[PDB]
Every structure is written in structure tokens, then in C-alpha cells.
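Only one chain comes next, encoded as C-alpha cells, the form deposited in one PDB entry.
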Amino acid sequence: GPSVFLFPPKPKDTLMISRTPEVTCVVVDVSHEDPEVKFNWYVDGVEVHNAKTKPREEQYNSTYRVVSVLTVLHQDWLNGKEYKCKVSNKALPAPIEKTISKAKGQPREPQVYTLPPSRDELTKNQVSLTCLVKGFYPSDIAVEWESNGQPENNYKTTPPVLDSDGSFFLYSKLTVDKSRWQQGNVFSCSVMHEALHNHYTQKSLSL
């Protein structure tokens, strides 16, 4: 019979009040002999009716796939409200329900530290600028780099790593020409996390 998958919003969409987070309920392996699908949505057990269901789409394996999208409020998601998607179909002996929420647990604010290149690296043509983000909970987080009101995109960030105290840390590495570093430009590590003030902070790095 059919299977249901319930997907959370994109993490950045939950941390920027200007964006619109949504949860996505996908049903797959709907058959042609029973193609009719009913979604019901609940927020903390209270049925809501503002979801937007897309029309069925036949797949190449002779099944149907159908998606319903529920917009969630910025504050509702961060305050831990629970979103339940119930999918009903004439082939199911009982409806299928799935519930999802923001990662649970007491929040912990990141500490953000920028580290200049190692003295041994200063001999190369490019240098690594390092941003350590530690002590945060939950692990949902975004990191980017900027300089002079422009995105610096030659960077990579590690996944969050579970630290010994139950919080998370990561590192972000930005690679720049040694000349840019020596000329004194200011680089900034930008971090978005639920437990920061306005879910945002910035730390800068320069010679």
C-alpha cells in the first residue's frame, strides 16, 4: 500500500522572519484502482484547513504521487508546535498519520569565534580564514561569509558535530588570496541559529 513522508521546512526559512516556512507531506505508491487521497492537517492536534494540495501525478512505475503543503508560522515552528499529516485512502486498513516538529531540546546560544590563518600558512598564495561556532543547540544552523557588503562564497563548512557536553560545534573555512588578507580587508562570518538574538549574529576577522 501507500507510504507517507513528511518533510520539515528549509532551516533558513525558519530563521528569517521575512521568509515563509512550510511542511511538505508526500504520499507515494498510490494505486490507480484507488487514486483518491484525502489529507487532514493538525497543529497541536487542532485541525487546520489552510494547506495547499497539488494534483496527483502519475509516476513511471504506474503509481501516483500526491503532495500537500502547509505553511507554518515563524513563531509557531520555533515554539515547538507539532504538525500532523493524516492521509486517507480506500486501500489502507487504517489512515496513515505522520507528525513533525522543530528539533526538540533546551536551546543553547552559539559562541562564534574567528581565527586568522596559521603562521605556517602565510607562506602560501591563498590563506584559510576560520570561523568556529560552538556550544549551540539544536544543530540546525546556517553560516556564510561576507566582505564589504558582498558575499564571499569560496568557503566550505563542516556539518555540526556533537560535542562532549551535548551541544554542537562546527567550523567554516573561507579561502582568500593572501594579498587580500595582507591588504587588510575585513571578512565577516555570519551565523543564523534560533538561539541568537533575532536568530542572527556576525563576527569579523582582519589582520
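Heads up, when I say rigid core I mean the largest set of C-alphas that superpose within 1.5 Å between the two forms. Sequential numbering from 1, following the sequence displayed.
Although not depicted, the form deposited with a partner chain bound is the subject of the following passage.
The partner chain in the bound PDB entry comes within 4.5 Å of no heavy atom belonging to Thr24. When the partner chain is considered in the bound PDB entry, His74 lines it closely, a heavy atom lying within 4.5 Å. Contact annotation for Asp140: none of its heavy atoms lies within 4.5 Å of the partner chain in the bound PDB entry. Superposed on the rigid core, the two forms differ between the shown form and the other one by 2 Å or more at the C-alpha of one listed residue only; from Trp41, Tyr64, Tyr155, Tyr171 that residue is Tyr64. Core-superposed comparison between the shown form and the other one: the CA of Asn89 exceeds or equals a 2 Å shift. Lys54 shows a C-alpha shift of 2 Å or greater between the shown form and the other one [criterion: core-superposed Cα displacement of 2 Å].
Once both forms are overlaid on the rigid core, the distance between the two CA positions of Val143 between the shown form and the other one is under 2 angstroms.
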